[PDB]
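The basis for the numbers below is simple: all heavy atoms, side chains too, and nothing from hydrogens, waters or symmetry mates. Throughout, residue positions are numbered sequentially from 1 according to the sequence presented. Whatever order the structure lists ligands and atoms in, that order sets their numbers, starting from 1.
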Amino acid sequence: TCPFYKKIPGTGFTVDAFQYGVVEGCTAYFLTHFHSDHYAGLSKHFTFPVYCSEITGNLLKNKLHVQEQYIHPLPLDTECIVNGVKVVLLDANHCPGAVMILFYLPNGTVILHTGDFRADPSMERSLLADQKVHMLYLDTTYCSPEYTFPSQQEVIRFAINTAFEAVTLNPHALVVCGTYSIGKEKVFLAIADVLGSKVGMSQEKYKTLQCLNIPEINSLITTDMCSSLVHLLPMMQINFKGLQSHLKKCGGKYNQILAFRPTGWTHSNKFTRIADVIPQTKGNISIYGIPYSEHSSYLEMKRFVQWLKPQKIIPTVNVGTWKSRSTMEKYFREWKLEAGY
Ligand code: NI
């Protein structure tokens with residue numbers, strides 16, 4: 001049955017709640033982004049109204065075959081009326097098409113649901129600046145002070161410099177990047193741009209990327225693997241066995257692989273700077289784990305919440321254990337006492 005933290009009080013609405021069958025009293029299902037833990041349950045047989053971004057709606061129609069008549073895409077940064085309630089979609093700084101949702105309830109309560117997000121000071125100047133928020137449904141994925149990670153810009157600088165150096169030393173090296181969902185496209189696109197190559201990939205992955213409104217995409221991606229020296233593979237194939245096998249398939253065009261796994265956080269973060277990251281190597285294969293996150297660090301999350309000053313916080317992640325819940329509630333209280341709200 002649907003958990004309370006997916007239900008918006010005072011409305012007929014749910015958020016990211018497609019795996020529970022017909023939710024009692026739900027008149028409109030919102031979807032914040034196209035990640036499987038959130039869309040799980042949608043298909044061509046879904047016949048209730050789904051409200052989402054334009055990019056999310058392209059993915060629903062083309063990948064899951066949801067019928068057009070039930071997809072209701074909304075423009076960002078625009079006040080819209082849904083079943084008599086004003087809503088606004090805001091950029092979540094997560095993956096392409098990902099949104100946060102502002103609900104303006106009929107009684108005067110204002111609720112922000114962040115979906116999945118990577119908090120940024122740029123958010124302090126959207127439509128959030130303009131009114132008070134009473135309740136915050138918060139992405140608490142990395143809600144503990146051990147979770148530090150560098151900026152996305154520092155991580156992409158490291159990746160570009162590492163790839164450009166390796167291929168300039170050896171023009172017969174192949175670069176491989178792992179993927180299993182949308183998100184993190186900058187990693188493989190930035191590396192292909194520095195190398196003067198397109199990114200090669202499966203037809204299924206090319207189809208997914210063509211749903212994303214990324215400018216000049218026909219210019220950066222391809223299904224012709226033979227013409228590309230940057231290849232995208234499933235994340236599960238980014239290991240020495242999977243990569244050895246891939247290199248066999250390239251028919252002696254290449255004699256070395258440099259591969260990237262963009263993880264979120266890993267405990268090499270608590271000790272090591274980005275500058276200092278080293279690969280795992282076996283023979284002619286090297287694998288870099290790079291801390292490219294599309295979720296808030298602890299300090300980013302803290303700053304956003306101390307800026308917004310909500311009256312009540314409802315965590316949406318890590319809610320399944322009493323130790324996690326108690327930990328998070330203790331940090332929320334600290335933040336409120338330190339800031340004075
Ligand atoms: Ni997500």
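- Side-chain contact of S297 with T148: a donor-acceptor pair under 3.5 Å is absent, judged by distance alone.
- Looking at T141, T140, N93 one by one, the single match for side-chain contact (heavy atoms from CB on, under 4.5 Å) with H295 turns out to be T141.
- The side-chain hydrogen bond (donor to acceptor under 3.5 Å, both in side chains) with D16 is formed by just one residue from the set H38, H113, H35; it is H38.
- Qualifying side-chain contact (heavy atoms from CB on, under 4.5 Å) partners for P3, counting only residues two or more places apart in sequence or in other chains: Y5, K6, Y20.
- Protein atoms of type N/O/S that fall under 2.8 Å from the Ni ion (ligand 1) number 4 in this view.
- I160 has its side chain out of reach of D193: every pair of non-hydrogen atoms, C-beta onward, lies at least 4.5 Å apart.
- Between the side chains of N107 and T109, at least one donor-acceptor pair of N or O atoms lies under 3.5 Å.
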